[PDB]
Every structure is written in structure tokens, then in C-alpha cells.
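Okay, structure first, notes after.
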Amino acid sequence: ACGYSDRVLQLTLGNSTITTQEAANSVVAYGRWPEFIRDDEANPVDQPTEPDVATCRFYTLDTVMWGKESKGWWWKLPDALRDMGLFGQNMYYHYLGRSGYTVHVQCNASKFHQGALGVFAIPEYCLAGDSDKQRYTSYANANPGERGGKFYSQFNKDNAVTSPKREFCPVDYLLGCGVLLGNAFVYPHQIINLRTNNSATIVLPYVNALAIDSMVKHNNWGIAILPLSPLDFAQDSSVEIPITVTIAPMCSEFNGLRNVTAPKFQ
Amino acid sequence: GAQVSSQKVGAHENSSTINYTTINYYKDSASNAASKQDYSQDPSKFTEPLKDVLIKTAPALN
Amino acid sequence: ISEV
Amino acid sequence: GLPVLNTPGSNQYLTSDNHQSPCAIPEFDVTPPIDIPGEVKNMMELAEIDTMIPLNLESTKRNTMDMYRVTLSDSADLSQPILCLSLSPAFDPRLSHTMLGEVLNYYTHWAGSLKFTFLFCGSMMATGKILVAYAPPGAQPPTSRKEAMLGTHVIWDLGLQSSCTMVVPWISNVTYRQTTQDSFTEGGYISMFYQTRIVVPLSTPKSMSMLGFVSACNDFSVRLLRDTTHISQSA
Amino acid sequence: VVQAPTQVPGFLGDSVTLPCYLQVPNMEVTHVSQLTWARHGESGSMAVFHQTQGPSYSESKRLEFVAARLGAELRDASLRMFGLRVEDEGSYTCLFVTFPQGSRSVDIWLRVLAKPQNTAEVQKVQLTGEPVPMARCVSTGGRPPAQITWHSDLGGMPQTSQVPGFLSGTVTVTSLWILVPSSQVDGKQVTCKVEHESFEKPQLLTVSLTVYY
Amino acid sequence: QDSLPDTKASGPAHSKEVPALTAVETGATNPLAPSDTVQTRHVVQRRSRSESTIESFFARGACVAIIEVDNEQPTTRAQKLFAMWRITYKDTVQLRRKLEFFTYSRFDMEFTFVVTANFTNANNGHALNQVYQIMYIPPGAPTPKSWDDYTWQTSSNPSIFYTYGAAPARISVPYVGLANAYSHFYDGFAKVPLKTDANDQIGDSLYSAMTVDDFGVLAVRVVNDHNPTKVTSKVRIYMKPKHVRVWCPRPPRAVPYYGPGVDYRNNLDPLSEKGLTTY
Ligand SMILES: CCCCCCCCCCCCC/C=C/[C@@H](O)[C@H](N)CO
Ligand SMILES: *C(=O)CCCCCCCCCCCCC
């Protein structure tokens, strides 16, 4: 009658609002909405900071382009937001930090384009390395920030055993970690199938084996976007359309304040 | 301290609730055997983790 | 004892 | 003949088991107890007593009475730290042999808050203000007062109350840390800097010792009993 | 198996390395392969080189760790202690950890100190009889005193008195001088042999004489 | 009462309720039952899922280690008069793969030890029955440097003294994790390189590893002094998780394991060939 649809949503957090008119409902991972540490689950004893609206708001990462030969993209959280406004500052000034997230992936095209993206949110997304040496990807390479990384179609082993790259080599049909991509659907996910929807919204609780941890040392969630069905349009052979990822911290609390961490990335 | 529970009987002799008895002999619960009387749950958190869960007879996209 |  | 069936484990000897065994001297007339002062019920009671920290393990000082003395003076370089120490209470060489460090070295894991108390042993005419700080791990270890004051800290004013306590609050990711050194369970940094300087009048010593003490707070516990590396025996 | 060669002098000043080699047989290769060093040492219970993934400095600020770490090798690791004071011995140990049997190794230790320096000076004028011409064999800077030995060419040697040790900064100093009496020639290869057993062959310093009028 | 739901009888349909159509884009699985798309009869269902509970899926001792230890004259060379094993489930593959259907777990652990021995030399007399000491050395405790040094006094570490030929030894251990659950996967590092670090080695650590020593080691020795003939033994260790809870399911490992992380190397082609239209 007045017209509410699970295809049209507005998300408002802090000073930021997102609208979509072609959603496919939204996922709350494992059925758990984010929340703060309860006193009976608390572990550091100092009073936490809870920046609230200053950090729990939508940050848009740099857009990536989906073309016919794209194999996929991945980001880790909190890493993709390490340089985002006051979320990054609080993350680096405190030994411990905890946060849930709303992830909104945006990709519009037209009624004559086709393709389907799988958007998966993976707890502890360990990725495989590029060489004979095990567990050797370096901190700077494992953590690309908002730039994220990419998937490949095959294992290209780094051979310069002299000046090893120490990078991940995520093969796409193996989900970058030795399992088959088809089973990634056991993880919280949505599909952006261009004939049906133009966005995916997934709410992520904080998941870890601890109530709070070091955000600088450990990524809690990985976001993997892979073309389940490749992009195609009319009869053109080089169609490209943007994919934009907007993520908002939720229920952020931090403990253990001191001087700022300055990681060496370069 | 004997716990008495019912067995779920498979093959029946040509002879009812058959029971078995358990006593824990150690103070540390890690020493205990497994009771294997385990409850289950709903798969929904994995099969339907949607903010608006819709009924299967209705359209998924309205 | 305790039957269950 | 009660029918019995022997399970795995039969006839083993586990040195941490807890079983009954026949008494070799039956009906012995045991001497009854008397009330001796000083009974202890838990090893953590000993970790709660302040014991003096060997803070100065420089070459010529370690293993002498001088390992317990840190020199303060009115001409010290005010920009430099007075002392620096890692929060590894069973492993850092300044903390591992205190009563707190000796008890933790019989356990694999520790958790809780700790308190450092410092005693000024200058004359009554000496004054000064000192900043003592704790930086939870993960950033550069403080090299200046400017960095140290951004973490947990106490500014001590010297005066009639001779001593000052800084509490290092339990701030940890894991629920228990390891007593060996491990970066995964590292505890952070303690540093101390002059806030103003030691000032004395004429005819007064310009240098003096400071002594430091450490003990566990009431939320501290240890678990997983293990042998210590602090005693051995040769063949 | 454990095959550590480290019984090292060890030179002071400093500085030198404190190595640890564990050559690995050979068809049952070793992991996890973390390496621990325990001093000997008021060990309660740390002055430790431990290396899990990233090399961890258990607090003795004056340390250098050089092994192909954060990856693996495994361990024929080298340590270094500078510096530069005689933080001596005592002793040091080198213990490894292993998935097979090898959460174990061997204690292995040695020396440190201290080499001296030498020069020769010869004067003054001969008004006899019948002492000095005079050759002096100065020996500066060596706590374990260097055995200075004056010899020459003839039986005019039995005459060799010593300045004992009035020690400089931690380090002992001496001067042997001769005397050798009287009279004329230049002219002989009178050689002072200063030892200490460090460096190469003992410090052999040959000189002349002050002949006057 | 643990049986699965009964099938309801259902008949024809001609309606606007369309359970057969759905949109998997939402992230949900369509909860259909056969009576949504065909006519069914009533069936009183008696099957149960008793054997696929988390406890029953893990309720088996699985081999995780084979430790070899000898009893012979102490020579000067490298021998195996005692052996050390770093405790792990990643030296074998079968239990590793079942645990890794999940990201986190919490359980007590039962260890059963099977010990076998044999002669190696045709004959230098015989051997009297051997007793084995299996000592647990937690991270930080002193490790033995020889088979009879002082660490074997075991005043605080727990040891099992097992007699050859007795029933396999068995002990239980509580949940001993430092966190509230064991992490089967850790996307992170134990150290972070900082800009002010003196060199790059200082902040370098292995990807996805946590503590260095993890749970410590088991040190095994034969307590007997040597006989003239050499005797070799193997201790096989079987782990069984009990009182098990698990969280966050994962795809199972599909290509061979290559080390303790998730790295892969060969046989990256798990699926065989089959024609699209071949039954
Ligand atoms: C006398 C024999 C005593 C044996 C004592 C063994 C103690 C250790 C039990 C460990 C059970 C390990 C299960 C695995 C946990 C790992 O997944 C994770 N890395 C922990 O975060
Ligand atoms: C509940 O336990 C009531 C009493 C049960 C009586 C039978 C006990 C059998 C022996 C148990 C011994 C445990 C180890 C001392």
C-alpha cells in the first residue's frame, strides 16, 4: 500500500547516509548485530574510549574497475580503514581496539549488461603465499590498506630466491587459501547479479576468540569480491564498470592509550 | 553421585527403557567422559542471516 | 543417584 | 569375582595424579599442630609483598649491592630517561628474580595488574618531581618524556611521604600472558624521566639513590605449573 | 645433532661475535627451530636471544643478532655483544627447539680480554761505570700483565729489572728496561719479546743504543 | 526424542504462493521441503542426526605424532636417547582437516600413547622390559640436554612413566588456551615493523603464527640404562577432542597441505573431468 520494499533502503550512521533503490535485502552475519563488550566479558580494566559518531560513519574507499578479465579483489578489516579520519587515529593511538562494520558494495550497470559478483565476508581470512617458504608474506604486503589486493587464475611462484617478494598469491577458484571457491557460501555473503540488484549490504559483528585485540597486528574480517559470472555487455569486448566499497565502523571501543603506532609500510 | 540415563535402544532382544549408570571419579572435569547427549540448533544463522526474513511462499524480492 |  | 575390564591408562604412573595408597606406618601417633605465626595459604600471597628490584644491572653493578641503587642527581641530563624496563615480570632480568618473578617462573601464564613503588633516599633538603610511565605495547618504546607522558603515568612530588606507587593496569589482548618472552603476549614499557629536576641547597649531597619495589595487585593470578630455569644441578 | 664449536677468544675492546653452529643431519631435518641463548650468568631467568619468527631481544640492550630469520634456514646463527665494556664470564649457552627430539642443546663458553701495546726507547749518554745505555721496553695497557722479556746477543743480558703494574683504566701497564752497562758500540739487535699470547707471533722489538761522547 | 521432522501429506496447488522461485542474491538458502514442489504422503520420520553432532564427529583418537627413541650405549655422536615433539595436530593431515571445518574451538583433550619396540641387531644378548618417561615441558621450563640431566627430575612438569606391554597410557588435559577459544586460523602477525625500528629484522614475524612455543613440547626417554643390544621404540600419540564447542564454519581443505599455514604448492587441481551432459 504506502510502498516499503526490501529493494529500497536508507542506512544512516553519524553524518553519512546511503540510499539504494535496488538492494536484495541485507545480511546480518551469523545473525549477530554488533555490540560493546559487556562487563562480564570484559578483560582490559582501563575505561575505554568510544568515539561514537566520529568513527562510526561511512568511509568510501577508492573505486576499482570491473572489466572482462578481472579476477577479483580482497580487503582486510580493520586494515582497509587504517587511514580513515578519526577511526585510523584511534586505531593507532591505542594498543587494543574492537569494532563491528556495515559493508555496502556498489555496482550499477544497465538492463542490457550482465554479470554477477560474489561478496563474501570471511572471519580470519588467511591467504596463501607466493613461494616455497611457508608463512612468509611480510606485514606490509599482507596489509594493502584501502587499495586491497587481487586474485589470480593460477599459482605463480616467486622465484627470485635472492630478493623474494613475500607477497600473497591468491588463486581465485581456491579462494586464495586452498579451499574451493564454491563453498565460500558458508560465509556471510550476498551476490550482486546485475539483472537483479546494484548493491550488497552486510552487517558484521566483531568476531574473534577474544573480546578485544590489537587492530594493528590482526585483521578480524576479510572482504572478497569475485566475478562469479564475468561482465558482459551488448557485443563489446571491453566493457568496464566501477565497483565502490563503502564501510562504516560500528560499536568501536579502544583500550590502552599511549603514543601513536607508526607502522613501516614503505 | 551415580547418574542414571536411558539408552536409545536399536536392536531389541525377544525379552522397554534400558538404563545405564555413570559415576565421575575425578575432580577435574577434563577427566570426564563425553555424555553425548547433545542438543542441536537452528541453521538459520547460516541459511537465512537476513535482516528481514521473508516467508518461502512470498516473493524474495518485493 | 540422579536418573535423567 | 566382579567382572571388570581394564581401560587405557591402566598401570601407568602420572606424576600429577591424585590417588590413595596404603599407609606404611599404620596407627602412628602424629604430633598435633601448634599455632606457628606466618602461615601461607596461596603462593600469590608472596607475589603481593613488595621486594626490591635490581634495577641497575650494568657491568660493574650487577651482583653487588649497587644493582639495587639508581642514582638521581641535580646535574643529570634532564632529557634522558632515568631507567627503561620491559613489562615481562618473569623474564626481564630486572624483574625475574624479585619474589614476584621467582613465583611466576614456576608457572607458564600470568595475568593481572602490578604496582611499582619507588623510594627516594636523598636528604630531607632535596626536592624534585619525577614522571614514571607505562606504555601498553605496539608503538615505539618511549625515548623522551614527551612520548612517555602520552601513556599511563604518575607525576611524583618528593616530600614527607617518601615513596610513590604507579599501578600498571592489566591491559592485554590475551586473557593470560606467557611468563617467557613472546611478542604475541608482550606487556609494554616502563620508563621514568625528570619532570623538573632534583634541587638541593648548599652543603647537601647532590646525588642520592632511589630504590624500586614491585608486587602484584589483588587481581593477579598464574596457571600451568612448570619447572623453573632458576635452579639446576650438574652430574 | 648438536655440533657447536664456540669456545672463543673472544677479543676485547671490543668487539667480536659469539657464534653458534648446529649442523643438521641429514634425512630427519629439524623444525620448529627457534633458537634460545641463556647466559651464565645470574639467570633468573633472562639475558636471552630468542627467535620465534621475528628475532626477539630479551633485554640486554648491547646485542646484535645475525641469522636469516623471519623465514627459516635453520640455525647456524651468530650473536654479537657490543659494547664495549668487559661484561664477561661466567659463560653462555645455546639451546634450540625441535618437532622431533631436540628441545635441547649444549652450554658453550670462553674468553674476552685484553691485548697490550709496545714501543722501545734508548738513552742516555755513557758515563761509566757501569749501568744503563739505556734500552727501555715500555708495555702499555694489558690487565693480564704481558710477560716482557729482554734478551740480546751476548752474555751481557743478565740485567733486566721491571716497572710493575700501576694499572690504567681497568688495564695493567709495565716497563722493562736495561742496563746493559758500559762503554761503546751501537750496534746489536737487542730484542725485547713481549707476549700475552694474543695476535700472531709475540711482539719482537729490536733496537740500537745511545753512544756518546 | 531426537527424530527429524515428519513429511506432511500435500496435494495439488494452483496459487499465488510460489515457494519454488527465489533470489539467492539475498544470501539465503531457500528452505523448501518436498511437499512445496510435489505431492507427498505422510511419513512418520524416525531418523536422527545422533552421529553428526560436533561431539560425535570428533569422538575418535586420531594419530598426530610418531616419536622415535632409542636405548643404546651413550656414544659421543648424535643419538636418540631422548626425543622432543612440539605439540601440534599439524604434523598429520586427517584430524587437522576435520578441525579446520571451523575457525575457533573450545575442548578438553584426551591423549592416548601406544608404544612399540623392536631389536635392530641380529643379536648382542637381549633387553629387560623398558619403562618410558614422557615429560611435558611448558613454554619457559628448562629443556633436557641429555637423557638423564636434572630436568628429568620433573618436580613440577607432569610426567607419565609407562611400562612396556601395559595398556596404552592415557591422560586428559583441560582447555588451556590463552584466549576464550583456540584459533584454528589467525589472520595476523605477532610483531609489527615500526618506522623507528633500527632494522627490518626487529619487526619481522611469520604470517599467521601467534606465540613462538605454542603449547610446549613432550620430551620422551627410555628410563633404563642401555643393554648391550640396541632397542628402538616408537611412541604414537592419539588425540581426541572431548566436550567440544566450535564456531564459524569454513570450506574444508581441498588441495594438499603445505606447511602449518594455509599455503599451497602442488596438486592444485582437485576436480576430475566429466562431460557437462554425461551422467
Ligand atoms: C603428560 C602429558 C601432558 C600433555 C599436555 C599437553 C598440553 C597441551 C594441549 C594442547 C591441545 C591443542 C589443540 C590446538 C590448539 C591450537 O589450535 C591453537 N593454536 C590455539 O590458539
Ligand atoms: C553417588 O556417588 C552416590 C554413591 C555411589 C556409590 C558407589 C561408589 C563407587 C566407588 C566410587 C569411588 C571413586 C574414587 C574414590
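Here, residue 1 is simply the first one shown, and the rest follow in order.
Looks like electron microscopy, 9.0 Å, at least that's what the header says.
Positions of Cβ are set from backbone N, Cα and C atoms, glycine also.
So that you can see what the record holds, here are the features copied from Swiss-Prot:
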type	residues	note
DISULFID	E:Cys20-E:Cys94	disulfide bond
DISULFID	E:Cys137-E:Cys192	disulfide bond
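Shown here: features listed in Swiss-Prot, placed on the structure.
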{"residue": "E:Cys20", "record": "disulfide bond", "CB count, 10 Å": "26"}
{"residue": "E:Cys94", "record": "disulfide bond", "CB count, 10 Å": "25"}
{"residue": "E:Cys137", "record": "disulfide bond", "CB count, 10 Å": "27"}
{"residue": "E:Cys192", "record": "disulfide bond", "CB count, 10 Å": "27"}
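E:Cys20 (disulfide bond) sits 40 Å from E:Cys137 (disulfide bond), counting Cα to Cα.
Of the recorded residues, E:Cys94 (disulfide bond) and E:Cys137 (disulfide bond) place their C-alpha atoms 43 Å from one another. Secondary structure at E:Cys20 (disulfide bond), as computed by DSSP, is coil.
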